[PDB]
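Everything on this sheet refers to the single structure shown next.
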Amino acid sequence: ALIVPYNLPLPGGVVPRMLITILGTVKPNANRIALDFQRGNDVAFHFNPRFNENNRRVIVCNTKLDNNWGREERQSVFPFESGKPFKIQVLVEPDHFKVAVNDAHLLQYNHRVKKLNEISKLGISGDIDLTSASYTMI
Ligand SMILES: [Cl-]
């Protein structure tokens with residue numbers, strides 16, 4: 001019911017102990033989902049489930065600096081399913097983003113962008129029905 005792409009402001013950026021929660025449902029025959037934690041035009045953390053990359057499902061993570069993608073971090077474990085509801089939780093830790101999906105740890109992504117307090121927007125996009133997006137301090 002939120003419109004996608006959705007922008008969630010992160011006031012004053014992110015900080016360790018901040019938990020972001022995204023609830024939605026994957027569309028039928030989805031191709032992609034993306035979370036973009038942005039520092040201005042840079043993407044500090046791109047989290048991109050791909051449903052059909054050469055007939056495999058993979059999650060691709062990266063950082064975009066001055067309009068240039070860096071070295072991808074790719075992961076075989078793929079917990080999403082077309083058609084099904086999901087919960088993504090992104091926990092900011094002192095040295096990485098920690099991602100859990102449906103209450104199961106998925107991956108960690110080391111901070112490349114180190115001005116965490118300038119990562120002030122989260123863009124949520126792709127082939128989902130988005131139910132809610134929020135954050136809290138744990
Ligand atoms: Cl930085």
Side-chain angles (χ1 to χ4, degrees):
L2 297 175
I3 294 161
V4 22
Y6 184 86
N7 172 68
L8 175 69
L10 310 169
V14 305
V15 66
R17 300 196 68 71
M18 190 171 177
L19 181 64
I20 294 80
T21 300
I22 298 100
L23 287 167
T25 297
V26 182
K27 284 191 179 266
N29 305 285
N31 185 64
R32 67 185 299 275
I33 303 164
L35 303 181
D36 286 286
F37 291 84
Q38 300 258 184
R39 173 174 171 258
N41 186 63
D42 285 352
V43 182
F45 176 40
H46 171 79
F47 173 87
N48 174 214
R50 299 182 184 177
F51 287 78
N52 177 8
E53 183 194 62
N54 306 305
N55 299 123
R56 295 194 197 171
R57 308 198 298 165
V58 64
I59 305 168
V60 176
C61 297
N62 211 348
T63 294
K64 193 180 185 75
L65 302 169
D66 291 339
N67 250 24
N68 302 312
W69 290 112
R71 293 339 75 196
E72 296 180 344
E73 298 177 34
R74 315 168 131 264
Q75 161 78 236
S76 93
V77 175
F78 194 96
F80 303 93
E81 291 293 329
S82 287
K84 297 200 195 186
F86 63 84
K87 179 175 62 178
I88 301 168
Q89 300 168 301
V90 183
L91 183 51
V92 182
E93 305 213 313
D95 287 328
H96 46 260
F97 292 95
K98 180 171 87 185
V99 183
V101 177
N102 303 339
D103 289 316
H105 177 69
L106 180 59
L107 57 84
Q108 281 163 195
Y109 184 88
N110 290 334
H111 297 306
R112 307 188 189 169
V113 175
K114 309 182 173 282
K115 291 172 171 167
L116 300 182
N117 70 356
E118 293 185 1
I119 304 174
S120 56
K121 296 185 6 280
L122 169 59
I124 309 172
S125 60
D127 300 324
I128 61 166
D129 298 330
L130 180 66
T131 302
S132 56
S134 58
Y135 43 78
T136 195
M137 294 302 181
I138 52 145

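We use all heavy atoms of the structure for the numbers below, so side chains are in, but hydrogens, waters and symmetry mates are not. All residue numbers in this chain count up from 1 along the given sequence.
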Between CD of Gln89 and CG of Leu106, what distance do you get to the nearest 0.5 Å?
11.5 Å
Min side-chain heavy-atom separation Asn29-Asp127 under 4.5 Å
no
For the side chain to side chain donor-acceptor pair (under 3.5 Å) test, which of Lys64, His46, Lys121 pairs with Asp36?
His46
With a 4.5 Å cut-off on side-chain heavy atoms, are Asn7 and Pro5 touching?
no
Using side-chain heavy atoms (C-beta onward) and a distance below 4.5 Å, is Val92 in contact with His111?
yes
Hey, is the main chain of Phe45 close enough, under 3.5 Å, to the side chain of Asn62 for a donor-acceptor pair?
no
Going hydrophobic residue to hydrophobic residue with side-chain gaps under 4.5 angstrom, can you get from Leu107 over to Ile88?
yes
Do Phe51 and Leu130 land in one hydrophobic cluster if side-chain heavy atoms of ILVMFWY residues count as linked below 4.5 Å?
yes
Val90/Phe37 under side chain to side chain contact (heavy atoms under 4.5 Å, CB included): CA gap, chis, key distance, verdict:
CA-CA 10 Å; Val90 183; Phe37 291 84; 3.9 Å; yes
Report, one line per pair, each donor and acceptor closer than 3.5 Å where one atom sits in a side chain of residues 10-28; sequence neighbours left out.
{"from": "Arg17", "atom 1": "NE", "to": "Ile138", "atom 2": "O", "distance (Å)": "2.5"}
{"from": "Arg17", "atom 1": "NH2", "to": "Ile138", "atom 2": "O", "distance (Å)": "3.0"}
{"from": "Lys27", "atom 1": "NZ", "to": "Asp129", "atom 2": "OD1", "distance (Å)": "2.9"}

With a 3.5 Å distance limit and no angle check, can you tell me whether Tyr109 reaches the backbone of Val99 through a side-chain donor-acceptor pair?
no
Hey, could you give me the CZ/CZ distance between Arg50 and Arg74, rounded to the nearest 0.5 Å?
5.5 Å
Taking it one step at a time, do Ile124 and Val4 satisfy side chain to side chain contact (heavy atoms under 4.5 Å, CB included)?
CA-CA 7 Å; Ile124 309 172; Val4 22; over 6 Å; no
Do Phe47 and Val58 sit in one hydrophobic cluster, given that two such residues count as connected whenever their side-chain heavy atoms are within less than 4.5 Å of each other, even indirectly?
no
Tell me whether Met137 shares a hydrophobic cluster with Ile119, the cluster being built from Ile, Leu, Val, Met, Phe, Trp, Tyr side chains joined at under 4.5 Å.
yes
If every non-hydrogen atom of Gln108 is compared with every non-hydrogen atom of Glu73, which pair is closest and at what distance?
O-OE1, 4.2 Å
Got a donor-acceptor contact below 3.5 angstrom from the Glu93 side chain to the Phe97 backbone?
no
Just so I know, are the side chains of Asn48 and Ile59 near enough to count as touching, which here means a heavy-atom distance under 4.5 Å?
no
Is the side chain of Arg57 donor-acceptor paired with the backbone N or O of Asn55 at a distance under 3.5 Å, no angle test?
no
Are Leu2 and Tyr135 joined in one hydrophobic group, where the rule is that I, L, V, M, F, W and Y side chains link up if heavy atoms are under 4.5 Å apart?
yes
Find the distance between OG (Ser125) and CD1 (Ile3) and round it off to the nearest 0.5 Å.
14.5 Å
Could you check whether any side-chain heavy atom of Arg56 comes within less than 4.5 Å of a side-chain heavy atom of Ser76, counting everything from C-beta outward?
no
Return the OG to NZ distance between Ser132 and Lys87, rounded to the nearest 0.5 Å.
10.5 Å
